[PDB]
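Okay, so here's the structure we're looking at.
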Amino acid sequence: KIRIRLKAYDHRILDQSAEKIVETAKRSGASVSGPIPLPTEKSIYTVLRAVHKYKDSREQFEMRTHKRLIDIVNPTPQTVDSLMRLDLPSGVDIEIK
Amino acid sequence: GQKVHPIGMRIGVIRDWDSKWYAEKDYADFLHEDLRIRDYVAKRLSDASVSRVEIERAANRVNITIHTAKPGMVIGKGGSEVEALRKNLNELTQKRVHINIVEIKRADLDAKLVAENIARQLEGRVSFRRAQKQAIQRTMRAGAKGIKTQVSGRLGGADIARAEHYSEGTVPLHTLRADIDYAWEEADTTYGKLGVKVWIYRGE
Amino acid sequence: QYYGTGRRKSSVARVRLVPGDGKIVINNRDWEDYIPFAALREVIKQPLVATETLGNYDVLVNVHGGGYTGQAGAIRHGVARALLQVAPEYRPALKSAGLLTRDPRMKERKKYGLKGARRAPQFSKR
Amino acid sequence: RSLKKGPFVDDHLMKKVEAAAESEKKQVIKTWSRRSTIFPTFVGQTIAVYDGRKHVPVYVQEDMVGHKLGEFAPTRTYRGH
Amino acid sequence: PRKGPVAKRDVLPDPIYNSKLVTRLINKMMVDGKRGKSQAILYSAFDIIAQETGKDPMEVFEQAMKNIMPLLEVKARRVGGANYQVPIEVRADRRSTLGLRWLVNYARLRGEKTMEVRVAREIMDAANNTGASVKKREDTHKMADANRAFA
Amino acid sequence: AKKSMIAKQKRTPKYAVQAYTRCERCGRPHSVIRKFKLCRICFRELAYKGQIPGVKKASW
Amino acid sequence: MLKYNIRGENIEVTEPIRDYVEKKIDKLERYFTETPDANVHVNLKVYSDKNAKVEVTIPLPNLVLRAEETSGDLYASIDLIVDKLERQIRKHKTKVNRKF
RNA sequence: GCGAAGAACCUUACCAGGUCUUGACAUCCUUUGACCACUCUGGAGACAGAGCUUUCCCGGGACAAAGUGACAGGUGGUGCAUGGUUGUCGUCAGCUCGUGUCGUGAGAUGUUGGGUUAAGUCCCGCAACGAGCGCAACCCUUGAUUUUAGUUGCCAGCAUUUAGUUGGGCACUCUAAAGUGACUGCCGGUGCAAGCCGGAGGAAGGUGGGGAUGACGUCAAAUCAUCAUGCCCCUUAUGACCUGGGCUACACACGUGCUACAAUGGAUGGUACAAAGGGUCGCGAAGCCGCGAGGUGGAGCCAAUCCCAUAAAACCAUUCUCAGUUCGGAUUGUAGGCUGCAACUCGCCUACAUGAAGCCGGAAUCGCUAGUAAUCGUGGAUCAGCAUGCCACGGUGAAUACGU
Ligand SMILES: [Mg+2]
Ligand SMILES: [Mg+2]
Ligand SMILES: [Mg+2]
Ligand SMILES: [Mg+2]
Ligand SMILES: [Mg+2]
Ligand SMILES: [Mg+2]
Ligand SMILES: [Mg+2]
Ligand SMILES: [Mg+2]
Ligand SMILES: [Mg+2]
Ligand SMILES: [Mg+2]
Ligand SMILES: [Mg+2]
Ligand SMILES: [Mg+2]
Ligand SMILES: [Mg+2]
Ligand SMILES: [Mg+2]
Ligand SMILES: [Mg+2]
Ligand SMILES: [Mg+2]
Ligand SMILES: [Mg+2]
Ligand SMILES: [Mg+2]
Ligand SMILES: [Mg+2]
Ligand SMILES: [Mg+2]
Ligand SMILES: [Mg+2]
Ligand SMILES: [Mg+2]
Ligand SMILES: [Mg+2]
Ligand SMILES: [Mg+2]
Ligand SMILES: [Mg+2]
Ligand SMILES: [Mg+2]
Ligand SMILES: [Mg+2]
Ligand SMILES: [Mg+2]
Ligand SMILES: [Mg+2]
Ligand SMILES: [Mg+2]
Ligand SMILES: [Mg+2]
Ligand SMILES: [Mg+2]
Ligand SMILES: [Mg+2]
Ligand SMILES: [Mg+2]
Ligand SMILES: [Mg+2]
Ligand SMILES: [Mg+2]
Ligand SMILES: [Mg+2]
Ligand SMILES: [Mg+2]
Ligand SMILES: [Mg+2]
Ligand SMILES: [Mg+2]
Ligand SMILES: [Mg+2]
Ligand SMILES: [Mg+2]
Ligand SMILES: [Mg+2]
Ligand SMILES: [Zn+2]
């Protein structure tokens, strides 16, 4: 009955914890739906390159955010406290329902 | 032409950025207090030869890892200086702080340390022609794959500014499987300002 | 009742072939209404024209993306692929006519300092 | 305020003009509030308005009401090329 | 350009009339990528041509085109003189290019009403060696034959 | 007049419409992004050193 | 007719300087039957050691005249810049006439 | 259409008037220790005069004041004294070194000669043998496909609803992680090799398309005004505060753009198809009101859920009849709307009226090789409000390249 949203700046770091959640959930007997990759959100920042002049020369940076989604439909309290007391590496954002 | 910063190109491919936290709606506050912490740490441990600092945020807490080549002079007599830093940072940041030290082996494979050593040497009225190659010799006998240094400015006290560079080994700057470390430092002399730029190509 | 998927530009069409008369339906609408103009209709029929199979199948399609021309090409590719799906024998005729290749032509990125994708600002020498 | 909320006049000028309601009328009102609109209460009075470097005098006549004071105190000096 | 000859782009034959030159004509009356306007103003022309004349529209189009395509054409270049207008034989492909270019550059200027007509009575005029485009071809042929020595 | 300008900018103005923004490292008033509260120079030089999380050079 | 845009860096443009530049550059009209309408552009700089530099650009119909010269005096630089410009004029005229 | 990714006040650095002096900003000594706030009167405001407190917090700290001093403070000068950053030649293919050898010497070879290519790319030859920085490859994106994953995404096969709505399913698109895939690999000819031409299979064939990437160095190129710094200069002012103006002037000249000069059109009514983005001091729907810009209202939303946001060209009907007009919209008079303490100099928009130049533009000159040029819209940064500018996204979508 719980929905978990995981979002981070790097997919490699993200997916390790994303899976760690699903194993730590289903090991204690939980019916869980696998991660669903939601669309990433990328934003662009264009800044002039020079200090004074030269508008014709620029440089563009980007920041892209990745997202996941986990569902559990028939939890048990053991799954609840296992997920809650489990700690993820800093760099991800977890929003437990 | 103009070369792109050799760390800017390799962030997100093979290198990694320092500040490792995700945040929104309060991004600016975290970023600016991180810059404040960085400056506060940098201007105090000048003699301690600090290379890299990492800030790791987690739920109203800060976890800072400091990399040094002389860890003993960073830790206090039993951890007194570390405790003083922790309490001062607690006062400044207004949230729980925690600090860790990671020692560095082969302090000749960190471009920042070599740059700042050459900077102090040039401040001590030493000939750049000797300091550059001295640093090159230490770094290559350390086991490095390539090294290149340059020094620019009012060279040797002259009236006209110029630049001089020495390189040896191999430094492929257009390869993205590089693992190249870059650093730039300022030597403030009685004749003005000089800039030292050192960058190193490591193995594997 | 055999599937097929066609893409062109920024348009995707899901086509499916049923044996039958040949009535053409697009997105719960009739082929004469959804694409009204007469000459934008022979594009879909070409896969059914390069082989004499004009009235041997009814098409059911679901399309989205792009303008009226682009989804015509998408649905053309889709019906051709579906035709190969029904019968694994029609490949030489269509591959010979170049009716299987997906169009790799896409709208091109803009570029900073340029007024378009390749247009440059005016300059003077007098 | 160019809406129907109401006109606009700075209180430090409205106070002066309505306190100059006496028959004496010999108090030329000096002001910097160029942006204040002209009320019918201004009729008769004489107002020096700052135009950047000096207070120029304006005599509030009947048909001048409704406008803004800064209109009658030009701020550029043009004579010809 | 500088490296070598470059392949052309084949023109897919039009529907309805099922020809090649008709599509290349539609592509020439196009302005700003408006395919529909040109298509309509050409199909209206080839319908009113049958309404007025009584013949197959494509026959009138072909027997009017055969009179416009030039053969010789003057090129200013070296060989035989430094830009002395040497007359040369236009290639097989260049014919229809010039024919359609002249057919449309003059159908824009006839000037009675909507161009949906201006193109039709120019094909009729070209069907019997009269008008302006045919005059252009005749003038070009005269100028080419003038320099019968520089070849 | 530079160091007084930062002090004025951090003060509270007479009315809201007089507030504005400057870069935080340097005191530059023009072309400052409100996402980072940095100008276009303290952003370029400091994103190279990998001190802004998430932000990297874009090549698409 | 010639239109002059005169810029002076680290110096103030004074009327006799303008008149001298005008007449010296106007002496360039004698090389054409028809006087052009191009925009002459002049830049004047003075260093700290009393050395003066003058740069001149003229976009003719089918010709571009560029000439920069540095010397101990501004007026001498102007005279030498005029000599350079007429040199380019003669070069271009001879080349185009030879390619008749 | 350059710093300026946005000048009504602020920004603002310029001018006029009114003001201050260890000061608007920091370390630092004495003591009171919370000063601070807030209310009223006077002034354009800075600021003065009163009243209320001061519970500082826990000898230490945060801040303040009072005089107090060493001191600050400069968007003042020189980018020819500098560090950092950037343009350009030019993503052109070059620039050098160690050992060796030739020359009295500066110098020379390697880097020249033959084919070959986008390329000192590759091989052959050789008094040279190797190496380094560049070229190429490693990186991102688009085009095909396999596995796991099915929610807020999709709806073939199942019944219902205002309709993918509701129960139901992840079959197909779709999102995104890991792989496959293109490597002259194979075949035919040529050459002796590098390689060249042709063909096959394939979604894609010869670095597939596009980005990022910018060697030694040239222009004493640009920035002391983003930042930092040497030397000089002002220090009751060249430092600091407040109100009003100015950067928006106007006989003219030059550069970059937008809109037109109409019938491939103007005007009226009907109606269909997108990609990429932004949103909690925020986006803001239905409903009602108003001809209109907009007002009232409050649904949903920390978002594949809700909103901005039923895209415009296009298509189908009607009308106009080649006119300076039912083209064009400038300019101006009146009445309103929104933001903001404030819209006169100096904002954007709306309604009625007015109705200008202009009928394809001399000499000359610019851009573009395919989803390009052309054309039509859409989003974002700066931002209370203000873009015909800048950066991105798609819809329709050509002509020509014989040749140097
Ligand atoms: Mg520009
Ligand atoms: Mg850029
Ligand atoms: Mg460059
Ligand atoms: Mg570009
Ligand atoms: Mg270009
Ligand atoms: Mg400063
Ligand atoms: Mg203020
Ligand atoms: Mg503002
Ligand atoms: Mg600003
Ligand atoms: Mg200068
Ligand atoms: Mg002379
Ligand atoms: Mg002011
Ligand atoms: Mg008081
Ligand atoms: Mg008091
Ligand atoms: Mg000082
Ligand atoms: Mg310079
Ligand atoms: Mg040589
Ligand atoms: Mg190349
Ligand atoms: Mg060679
Ligand atoms: Mg090489
Ligand atoms: Mg749905
Ligand atoms: Mg072979
Ligand atoms: Mg082939
Ligand atoms: Mg490529
Ligand atoms: Mg490369
Ligand atoms: Mg110059
Ligand atoms: Mg200074
Ligand atoms: Mg005084
Ligand atoms: Mg201006
Ligand atoms: Mg009209
Ligand atoms: Mg309509
Ligand atoms: Mg979308
Ligand atoms: Mg919005
Ligand atoms: Mg916005
Ligand atoms: Mg609500
Ligand atoms: Mg919008
Ligand atoms: Mg008519
Ligand atoms: Mg107004
Ligand atoms: Mg006229
Ligand atoms: Mg007319
Ligand atoms: Mg090209
Ligand atoms: Mg090609
Ligand atoms: Mg805005
Ligand atoms: Zn800054």
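Naming scheme: A, B, ... for chains in displayed order of the structure tokens; residues 1 onward per chain; ligands 1 onward as shown.
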
*asked:* To check your reading of the model: which residues sit at most 9 Å from ligand 5 when counting only C-alpha atoms (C1' of nucleotides) and all ligand atoms? Write the answer as an MDAnalysis selection string.
replied: (chainID C and resid 113:114 118:121) or (chainID H and resid 367)

*What are the residues of chain F that have an atom within 10 Å of an atom of chain A, counting only C-alpha atoms, as a ChimeraX atom specification?*
/F:31,33,39-41,43-44,47,53-60

Can you spit out the residues from that selection as a PDB file, in the first residue's frame, using N, CA, C and O atoms?
```pdb
ATOM      1  N   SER F  31      23.199  39.897 -14.833  1.00  0.00           N
ATOM      2  CA  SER F  31      23.258  38.509 -15.291  1.00  0.00           C
ATOM      3  C   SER F  31      23.570  37.555 -14.136  1.00  0.00           C
ATOM      4  O   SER F  31      24.620  36.916 -14.080  1.00  0.00           O
ATOM      5  N   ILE F  33      21.907  34.361 -11.940  1.00  0.00           N
ATOM      6  CA  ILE F  33      20.900  33.305 -11.968  1.00  0.00           C
ATOM      7  C   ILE F  33      20.343  33.121 -10.567  1.00  0.00           C
ATOM      8  O   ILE F  33      21.102  32.965  -9.606  1.00  0.00           O
ATOM      9  N   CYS F  39      26.679  34.865 -10.579  1.00  0.00           N
ATOM     10  CA  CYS F  39      26.708  35.532 -11.871  1.00  0.00           C
ATOM     11  C   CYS F  39      27.122  34.520 -12.933  1.00  0.00           C
ATOM     12  O   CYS F  39      27.186  33.315 -12.686  1.00  0.00           O
ATOM     13  N   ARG F  40      27.403  34.994 -14.138  1.00  0.00           N
ATOM     14  CA  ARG F  40      27.788  34.120 -15.235  1.00  0.00           C
ATOM     15  C   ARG F  40      29.277  33.816 -15.262  1.00  0.00           C
ATOM     16  O   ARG F  40      29.731  33.108 -16.161  1.00  0.00           O
ATOM     17  N   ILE F  41      30.048  34.337 -14.314  1.00  0.00           N
ATOM     18  CA  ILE F  41      31.485  34.111 -14.250  1.00  0.00           C
ATOM     19  C   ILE F  41      31.857  33.240 -13.057  1.00  0.00           C
ATOM     20  O   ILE F  41      32.638  32.293 -13.184  1.00  0.00           O
ATOM     21  N   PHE F  43      29.927  31.221 -11.971  1.00  0.00           N
ATOM     22  CA  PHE F  43      29.306  29.966 -12.359  1.00  0.00           C
ATOM     23  C   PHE F  43      30.198  29.167 -13.298  1.00  0.00           C
ATOM     24  O   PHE F  43      30.436  27.980 -13.067  1.00  0.00           O
ATOM     25  N   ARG F  44      30.725  29.808 -14.340  1.00  0.00           N
ATOM     26  CA  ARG F  44      31.611  29.110 -15.263  1.00  0.00           C
ATOM     27  C   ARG F  44      32.879  28.640 -14.568  1.00  0.00           C
ATOM     28  O   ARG F  44      33.256  27.469 -14.680  1.00  0.00           O
ATOM     29  N   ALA F  47      31.947  25.840 -11.833  1.00  0.00           N
ATOM     30  CA  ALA F  47      31.399  24.556 -12.250  1.00  0.00           C
ATOM     31  C   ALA F  47      32.467  23.659 -12.857  1.00  0.00           C
ATOM     32  O   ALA F  47      32.329  22.434 -12.826  1.00  0.00           O
ATOM     33  N   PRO F  53      26.894  20.603  -7.508  1.00  0.00           N
ATOM     34  CA  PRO F  53      26.419  19.239  -7.739  1.00  0.00           C
ATOM     35  C   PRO F  53      25.458  19.180  -8.914  1.00  0.00           C
ATOM     36  O   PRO F  53      24.662  20.092  -9.133  1.00  0.00           O
ATOM     37  N   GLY F  54      25.548  18.095  -9.676  1.00  0.00           N
ATOM     38  CA  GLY F  54      24.615  17.851 -10.756  1.00  0.00           C
ATOM     39  C   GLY F  54      24.953  18.526 -12.067  1.00  0.00           C
ATOM     40  O   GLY F  54      24.668  17.979 -13.135  1.00  0.00           O
ATOM     41  N   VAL F  55      25.556  19.706 -12.012  1.00  0.00           N
ATOM     42  CA  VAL F  55      25.806  20.490 -13.216  1.00  0.00           C
ATOM     43  C   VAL F  55      27.072  19.994 -13.897  1.00  0.00           C
ATOM     44  O   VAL F  55      28.136  19.910 -13.274  1.00  0.00           O
ATOM     45  N   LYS F  56      26.959  19.667 -15.182  1.00  0.00           N
ATOM     46  CA  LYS F  56      28.098  19.288 -16.003  1.00  0.00           C
ATOM     47  C   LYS F  56      27.920  19.884 -17.390  1.00  0.00           C
ATOM     48  O   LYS F  56      26.846  20.366 -17.752  1.00  0.00           O
ATOM     49  N   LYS F  57      28.995  19.851 -18.167  1.00  0.00           N
ATOM     50  CA  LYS F  57      28.968  20.393 -19.517  1.00  0.00           C
ATOM     51  C   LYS F  57      27.987  19.617 -20.389  1.00  0.00           C
ATOM     52  O   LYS F  57      27.852  18.398 -20.276  1.00  0.00           O
ATOM     53  N   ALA F  58      27.298  20.336 -21.270  1.00  0.00           N
ATOM     54  CA  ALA F  58      26.246  19.770 -22.106  1.00  0.00           C
ATOM     55  C   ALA F  58      26.723  19.661 -23.544  1.00  0.00           C
ATOM     56  O   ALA F  58      27.299  20.610 -24.086  1.00  0.00           O
ATOM     57  N   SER F  59      26.468  18.511 -24.166  1.00  0.00           N
ATOM     58  CA  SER F  59      26.952  18.241 -25.510  1.00  0.00           C
ATOM     59  C   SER F  59      25.877  17.816 -26.495  1.00  0.00           C
ATOM     60  O   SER F  59      26.201  17.613 -27.668  1.00  0.00           O
ATOM     61  N   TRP F  60      24.626  17.673 -26.066  1.00  0.00           N
ATOM     62  CA  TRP F  60      23.551  17.124 -26.891  1.00  0.00           C
ATOM     63  C   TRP F  60      23.463  17.783 -28.267  1.00  0.00           C
ATOM     64  O   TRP F  60      23.887  17.213 -29.271  1.00  0.00           O
TER      65      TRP F  60
END
```

_Around ligand 24, which protein and nucleic acid residues have at least one atom no more than 9 Å from it, if we count only C-alpha atoms (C1' of nucleotides) and all ligand atoms? List them as a PyMOL selection string._
chain H and resi 207-210

*Give as a list in words the residues surrounding ligand 29 up to a distance of 12 Å, considering only C-alpha atoms (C1' of nucleotides) and all ligand atoms.*
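Within the 12 Å cut-off, the matching residues are residues 1, 2, 3, 4, 7, 246, 247 and 248 of chain H.
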
*asked:* According to DSSP computed on the backbone, where in region 2-87 of chain G is there alpha helix (DSSP H)? Give the residues as a list in words.
replied: residues 15, 16, 17, 18, 19, 20, 21, 22, 23, 24, 25, 26, 74, 75, 76, 77, 78, 79, 80, 81, 82, 83, 84, 85, 86 and 87 of chain G

Could you list, as a PDB file with N, CA and C atoms (P, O5', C5', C4', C3', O3' and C1' of nucleotides), in the first residue's frame, all protein and nucleic acid residues with an atom at most 10 Å from ligand 19, counting only C-alpha atoms (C1' of nucleotides) and all ligand atoms?
```pdb
ATOM      1  P     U H 111      60.222  11.812 -41.950  1.00  0.00           P
ATOM      2  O5'   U H 111      59.727  13.325 -41.887  1.00  0.00           O
ATOM      3  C5'   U H 111      58.419  13.667 -42.337  1.00  0.00           C
ATOM      4  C4'   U H 111      58.262  15.142 -42.621  1.00  0.00           C
ATOM      5  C3'   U H 111      59.282  15.746 -43.582  1.00  0.00           C
ATOM      6  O3'   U H 111      58.660  16.789 -44.335  1.00  0.00           O
ATOM      7  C1'   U H 111      59.402  16.858 -41.511  1.00  0.00           C
ATOM      8  P     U H 112      57.780  16.460 -45.640  1.00  0.00           P
ATOM      9  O5'   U H 112      58.824  16.497 -46.840  1.00  0.00           O
ATOM     10  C5'   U H 112      59.135  17.707 -47.517  1.00  0.00           C
ATOM     11  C4'   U H 112      60.297  17.514 -48.459  1.00  0.00           C
ATOM     12  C3'   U H 112      60.041  16.607 -49.654  1.00  0.00           C
ATOM     13  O3'   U H 112      59.429  17.279 -50.739  1.00  0.00           O
ATOM     14  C1'   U H 112      62.036  15.943 -48.587  1.00  0.00           C
ATOM     15  P     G H 113      58.408  16.500 -51.704  1.00  0.00           P
ATOM     16  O5'   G H 113      59.242  15.250 -52.235  1.00  0.00           O
ATOM     17  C5'   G H 113      60.062  15.351 -53.391  1.00  0.00           C
ATOM     18  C4'   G H 113      60.349  13.994 -53.987  1.00  0.00           C
ATOM     19  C3'   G H 113      59.131  13.162 -54.364  1.00  0.00           C
ATOM     20  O3'   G H 113      58.611  13.495 -55.639  1.00  0.00           O
ATOM     21  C1'   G H 113      60.627  11.837 -53.108  1.00  0.00           C
ATOM     22  P     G H 114      57.074  13.195 -55.988  1.00  0.00           P
ATOM     23  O5'   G H 114      56.938  11.616 -55.821  1.00  0.00           O
ATOM     24  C5'   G H 114      57.236  10.731 -56.891  1.00  0.00           C
ATOM     25  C4'   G H 114      56.311   9.541 -56.875  1.00  0.00           C
ATOM     26  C3'   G H 114      54.859   9.859 -56.559  1.00  0.00           C
ATOM     27  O3'   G H 114      54.148  10.284 -57.709  1.00  0.00           O
ATOM     28  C1'   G H 114      55.579   8.027 -55.235  1.00  0.00           C
ATOM     29  P     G H 115      52.598  10.685 -57.610  1.00  0.00           P
ATOM     30  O5'   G H 115      51.832   9.319 -57.886  1.00  0.00           O
ATOM     31  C5'   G H 115      50.444   9.203 -57.616  1.00  0.00           C
ATOM     32  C4'   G H 115      50.134   7.926 -56.881  1.00  0.00           C
ATOM     33  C3'   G H 115      48.944   7.985 -55.941  1.00  0.00           C
ATOM     34  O3'   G H 115      47.719   7.783 -56.619  1.00  0.00           O
ATOM     35  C1'   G H 115      50.780   6.951 -54.855  1.00  0.00           C
ATOM     36  P     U H 116      46.501   8.802 -56.403  1.00  0.00           P
ATOM     37  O5'   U H 116      46.058   8.545 -54.897  1.00  0.00           O
ATOM     38  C5'   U H 116      45.569   7.276 -54.494  1.00  0.00           C
ATOM     39  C4'   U H 116      45.482   7.178 -52.994  1.00  0.00           C
ATOM     40  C3'   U H 116      44.829   8.355 -52.297  1.00  0.00           C
ATOM     41  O3'   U H 116      43.416   8.280 -52.313  1.00  0.00           O
ATOM     42  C1'   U H 116      46.849   7.810 -51.199  1.00  0.00           C
ATOM     43  P     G H 120      48.244  15.659 -45.068  1.00  0.00           P
ATOM     44  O5'   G H 120      49.501  14.973 -44.374  1.00  0.00           O
ATOM     45  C5'   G H 120      50.203  15.632 -43.332  1.00  0.00           C
ATOM     46  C4'   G H 120      51.156  14.696 -42.636  1.00  0.00           C
ATOM     47  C3'   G H 120      50.977  14.547 -41.134  1.00  0.00           C
ATOM     48  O3'   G H 120      49.956  13.619 -40.819  1.00  0.00           O
ATOM     49  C1'   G H 120      53.280  14.794 -41.669  1.00  0.00           C
TER      50        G H 120
END
```

Report as a PDB file with N, CA, C and O atoms (P, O5', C5', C4', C3', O3' and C1' of nucleotides), in the first residue's frame which protein, DNA and RNA residues come within 12 Å of ligand 42, using only C-alpha atoms (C1' of nucleotides) and all ligand atoms.
```pdb
ATOM      1  N   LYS E   3      34.803  18.586 -55.892  1.00  0.00           N
ATOM      2  CA  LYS E   3      35.295  17.218 -55.815  1.00  0.00           C
ATOM      3  C   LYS E   3      34.821  16.365 -56.988  1.00  0.00           C
ATOM      4  O   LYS E   3      35.611  15.620 -57.572  1.00  0.00           O
ATOM      5  N   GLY E   4      33.542  16.458 -57.339  1.00  0.00           N
ATOM      6  CA  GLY E   4      32.999  15.690 -58.434  1.00  0.00           C
ATOM      7  C   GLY E   4      31.498  15.830 -58.564  1.00  0.00           C
ATOM      8  O   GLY E   4      30.827  16.394 -57.695  1.00  0.00           O
ATOM      9  N   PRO E   5      30.943  15.327 -59.668  1.00  0.00           N
ATOM     10  CA  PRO E   5      29.493  15.401 -59.870  1.00  0.00           C
ATOM     11  C   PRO E   5      28.724  14.765 -58.722  1.00  0.00           C
ATOM     12  O   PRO E   5      29.146  13.766 -58.136  1.00  0.00           O
ATOM     13  N   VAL E   6      27.575  15.356 -58.414  1.00  0.00           N
ATOM     14  CA  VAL E   6      26.761  14.973 -57.269  1.00  0.00           C
ATOM     15  C   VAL E   6      25.405  14.486 -57.759  1.00  0.00           C
ATOM     16  O   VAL E   6      24.796  15.093 -58.646  1.00  0.00           O
ATOM     17  N   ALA E   7      24.941  13.379 -57.184  1.00  0.00           N
ATOM     18  CA  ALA E   7      23.714  12.748 -57.647  1.00  0.00           C
ATOM     19  C   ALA E   7      22.513  13.654 -57.418  1.00  0.00           C
ATOM     20  O   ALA E   7      22.433  14.369 -56.417  1.00  0.00           O
ATOM     21  N   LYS E   8      21.571  13.616 -58.357  1.00  0.00           N
ATOM     22  CA  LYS E   8      20.356  14.407 -58.259  1.00  0.00           C
ATOM     23  C   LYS E   8      19.375  13.744 -57.293  1.00  0.00           C
ATOM     24  O   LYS E   8      19.623  12.664 -56.753  1.00  0.00           O
TER      25      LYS E   8
ATOM     26  P     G H 208      30.685   7.675 -39.346  1.00  0.00           P
ATOM     27  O5'   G H 208      29.577   7.043 -40.295  1.00  0.00           O
ATOM     28  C5'   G H 208      29.577   7.304 -41.690  1.00  0.00           C
ATOM     29  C4'   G H 208      28.200   7.668 -42.179  1.00  0.00           C
ATOM     30  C3'   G H 208      27.677   9.026 -41.744  1.00  0.00           C
ATOM     31  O3'   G H 208      28.155  10.083 -42.557  1.00  0.00           O
ATOM     32  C1'   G H 208      26.026   7.397 -41.345  1.00  0.00           C
ATOM     33  P     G H 209      28.510  11.510 -41.909  1.00  0.00           P
ATOM     34  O5'   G H 209      27.119  12.039 -41.355  1.00  0.00           O
ATOM     35  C5'   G H 209      26.140  12.554 -42.239  1.00  0.00           C
ATOM     36  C4'   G H 209      25.043  13.262 -41.491  1.00  0.00           C
ATOM     37  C3'   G H 209      25.491  14.302 -40.481  1.00  0.00           C
ATOM     38  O3'   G H 209      25.829  15.543 -41.075  1.00  0.00           O
ATOM     39  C1'   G H 209      23.843  12.924 -39.513  1.00  0.00           C
ATOM     40  P     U H 369      25.049  24.902 -46.504  1.00  0.00           P
ATOM     41  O5'   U H 369      24.340  24.204 -47.741  1.00  0.00           O
ATOM     42  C5'   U H 369      23.110  23.511 -47.580  1.00  0.00           C
ATOM     43  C4'   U H 369      23.064  22.255 -48.413  1.00  0.00           C
ATOM     44  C3'   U H 369      24.202  21.262 -48.172  1.00  0.00           C
ATOM     45  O3'   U H 369      23.703  19.936 -48.321  1.00  0.00           O
ATOM     46  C1'   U H 369      24.157  21.865 -50.438  1.00  0.00           C
ATOM     47  P     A H 370      23.679  18.937 -47.069  1.00  0.00           P
ATOM     48  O5'   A H 370      22.143  18.576 -46.904  1.00  0.00           O
ATOM     49  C5'   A H 370      21.268  19.455 -46.214  1.00  0.00           C
ATOM     50  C4'   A H 370      19.928  18.817 -45.977  1.00  0.00           C
ATOM     51  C3'   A H 370      19.879  17.316 -46.234  1.00  0.00           C
ATOM     52  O3'   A H 370      18.927  16.725 -45.354  1.00  0.00           O
ATOM     53  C1'   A H 370      18.357  18.403 -47.660  1.00  0.00           C
ATOM     54  P     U H 372      16.215  21.317 -41.370  1.00  0.00           P
ATOM     55  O5'   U H 372      17.241  22.376 -41.961  1.00  0.00           O
ATOM     56  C5'   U H 372      18.638  22.137 -41.927  1.00  0.00           C
ATOM     57  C4'   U H 372      19.329  22.804 -43.087  1.00  0.00           C
ATOM     58  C3'   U H 372      18.724  24.121 -43.540  1.00  0.00           C
ATOM     59  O3'   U H 372      19.158  25.224 -42.764  1.00  0.00           O
ATOM     60  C1'   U H 372      19.089  22.734 -45.415  1.00  0.00           C
TER      61        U H 372
END
```

*Enumerate residues in contact with ligand 10: an atom-to-atom distance of at most 10 Å, counting only C-alpha atoms (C1' of nucleotides) and all ligand atoms. Format the result as an NGL selection string.*
(:G and (9-10 or 45)) or (:H and (79 or 221-223))

*Using only C-alpha atoms (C1' of nucleotides) and all ligand atoms, which protein or nucleic acid residues are at most 12 Å from ligand 1, as JSON, numbers by chain?*
{"A": [53, 54, 55, 56, 57], "C": [112, 113, 114, 115, 120, 121, 122, 123], "H": [1, 2, 255, 256, 257, 389, 390]}

*Spatial neighbours of region 37-39 of chain G, max dist 9 Å, only C-alpha atoms (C1' of nucleotides), sep filter under 4 positions, as number ranges by chain*: C: 126; G: 1-5, 57-61; H: 254
